[PDB]
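Read the structure below first, then the notes.
Rule-based calculations on the coordinates, nothing more; no lab input. Cβ atoms come from the backbone with ideal geometry, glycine included; neighbour counts cover every protein chain shown.
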There are 4 protein chains.
Amino acid sequence: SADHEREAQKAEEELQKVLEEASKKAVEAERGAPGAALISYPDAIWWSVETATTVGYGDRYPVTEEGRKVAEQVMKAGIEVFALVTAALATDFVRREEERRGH
Amino acid sequence: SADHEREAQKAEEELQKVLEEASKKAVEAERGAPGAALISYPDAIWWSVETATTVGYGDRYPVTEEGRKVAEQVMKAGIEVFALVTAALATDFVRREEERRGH
Amino acid sequence: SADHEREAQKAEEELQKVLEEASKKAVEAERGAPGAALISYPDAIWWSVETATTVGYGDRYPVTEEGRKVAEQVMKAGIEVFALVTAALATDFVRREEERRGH
Amino acid sequence: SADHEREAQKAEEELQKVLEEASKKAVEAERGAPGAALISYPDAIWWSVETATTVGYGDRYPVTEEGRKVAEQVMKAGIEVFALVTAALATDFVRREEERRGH
């Protein structure tokens, strides 16, 4: 990969490390909740997949006393990561001047 | 510390203001609406946060008689904030010129 | 103003055109289809709002016979509009180089 | 005919391919899972379509034993093709030099 691409891929692997924390905080941030849905560690990890993608389809969601910010803060980490990759994107068309000669 | 990175952070503060104003409006908007489901000041702010993300997740959602332009405002305000900060992101690729000179 | 802010602003009008025609097609597409829930005219236009700025919280679902293409194309139109204005966002950092000369 | 529009448009052409592959997977993925929703085959493509546009809307949902990476793979596929188009889009501030020159 190129320099700027490795920087993007480095960011992608950072997000995966947040999902781990998300899976844990998820079970804690529901065991005690008023109308809790998310229970069990081995399905909590699956909830943490369907969030950091910036797609919150539903399924399970944390409540209130749980610190609803548990979902919020995980989702926002994905925004940072998939925003950062713009450092690759704004170079993608810059390649055209290289392609022009085949530099 | 830079120029653009300060203005990016200032945009985040704007979004928080809209959330807080949206929680006032949202409660009083829904008071009269059919379905509602969203009521009360202390959990109006909770609905407000994921509204700005445009994710929504699956907590609650507003009706028609609240004047759904309530949500439209908050949702579009979020997107424009997340967009503005590209003033910092779009200069990230440009850093690869600076590091070529090394100075 | 900058040339690409007027051009960006133009694009936002175009999105609102899609909403109009969406509101109309939506009632036809749903009214007659099995499983349909949209139906009424003034409640069609209010579904043709948030859908175009993605979200997903249209507060309704299309089915298959409506031609899910009716929702799909409205959502995609929003992407083209809000993505087109990226040309304005990209010249935001460029303004830095003017700052550094005070020009 | 603008090489960046060719590369951008070509990206969308692979998205369609992933939809067909993934819709085969999605229905066969869901089949076996507890609490399966997405059991339909000629409809599976319509769910796949809105999954690629990263919305979900509120039609169906995948379960656990589907291997919710089937759903997630379609989402990331959509993001990378559409985010690649940011090449052409991030070019469109640069076209302002030729605009300025008048030819």
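Averaged over A:43-50, how many beta carbons belonging to a partner chain fall within 10 Å of each residue's beta carbon? Numbers along the way, then the final one.
Working: counts 2, 0, 2, 9, 2, 0, 6, 8.
Taking the mean over all residues of the peptide, I get 4.
Okay, helix-only estimate at 222 nm for chain C: each DSSP H run of n ≥ 4 adds -39500 (n - 2.57), divide by all residues, round to 500 deg cm²/dmol; what do you get?
Values: 4 runs with 53 residues, N = 103.
The helix contribution divided over chain C gives -16500 deg cm²/dmol.
State to the nearest 20 debye the size of the charge dipole of chain B about its Cα centre, where the only charges are +1 on K and R beta carbons and -1 on D and E beta carbons.
Details: 14 positive and 21 negative charges, 29 e Å.
Here the size comes out at about 140 debye.
Is any residue of the stretch C:1-27 close enough, with backbone N under 19 Å, to a label point placed 7 angstrom from the Cα of B:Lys10 along the Cα-Cβ axis, and if so, which?
C:1-2
Cα centroids of the stretch A:78-103 and the stretch B:1-73: how far apart, whole angstrom?
34
What angle, in degrees between 0 and 90 and rounded to the nearest 10, separates the Cα long axis of helix B:4-30 from the longest principal axis of the Cα atoms of chain B?
0
In nm, what does the list of distances from C:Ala37 to its counterparts in the other copies look like, shortest first, when each label sits 7 Å along Cα to Cβ?
0.9, 1.1, 1.4
Binned at 10 Å from 0, what are the whole-percent values of the Cα-Cα distance distribution for chain D, short to long?
P(r) over chain D, rounded to whole percents: 15, 38, 21, 14, 8, 4, 0.
Which cross-chain or sequence-distant (5 or more) residues have an amide H under 5 Å from the amide H of A:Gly56, H modelled 1.01 Å from N in plane?
Hits under the 5 Å cutoff: B:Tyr57.
Using only the Cα atoms of the protein assembly as shown, construct the convex hull and provide its projected area averaged over every direction, in square nanometres to one decimal. Show your work: numbers first, answer last.
Numbers: hull surface 91.7 nm².
Computing the convex hull of the Cα atoms and averaging its projections yields 22.9 nm².
Hey, got the average number of other protein chain Cβ atoms within 10 angstrom for residues in B:55-68? Each step should come with its number before you reach the end.
Working: counts 13, 9, 16, 12, 8, 1, 7, 3, 2, 6, 1, 0, 1, 6.
Neighbouring Cβ atoms belonging to other protein chains average 6 per residue here.
Would you mind checking the pairs D:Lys24/D:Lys76; A:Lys17/A:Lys76; A:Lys25/B:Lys17 and listing those with alpha carbons more than 23 angstrom apart?
Working: D:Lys24/D:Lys76 17 Å; A:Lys17/A:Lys76 14 Å; A:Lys25/B:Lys17 28 Å.
Where the Cα-Cα span goes over 23 Å, the pairs concerned are A:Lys25/B:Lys17.
Quick one: 3J(HN,Hα) in Hz for the stretch C:67-74, Karplus 6.51/-1.76/1.60 with θ = phi - 60°, rounded, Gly and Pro as x.
x, 4, 2, 5, 7, 3, 6, 6
Around D:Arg95, with a cut-off of 13 angstrom between Cβ atoms, what is the net charge of the other residues, counting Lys and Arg +1 and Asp and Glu -1?
On the way: positive: A:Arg96, D:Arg96, D:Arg100, D:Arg101; negative: C:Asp3, C:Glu7, D:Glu5, D:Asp92, D:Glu97, D:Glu98, D:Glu99.
For residues surrounding D:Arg95, the net value is -3.
5 Å is the cut-off here: which amide hydrogens, built 1.01 Å from N in the peptide plane, fall below it relative to D:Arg31, excluding neighbours closer than 5 in sequence?
It is none; the list stays empty.
Hey, got the average number of other protein chain Cβ atoms within 10 angstrom for residues in B:81-91? Intermediate results must be reported in sequence, preceding the final value.
Details: counts 0, 2, 7, 2, 4, 10, 8, 4, 11, 13, 8.
For peptide B:81-91, the averaged partner shielding equals 6.
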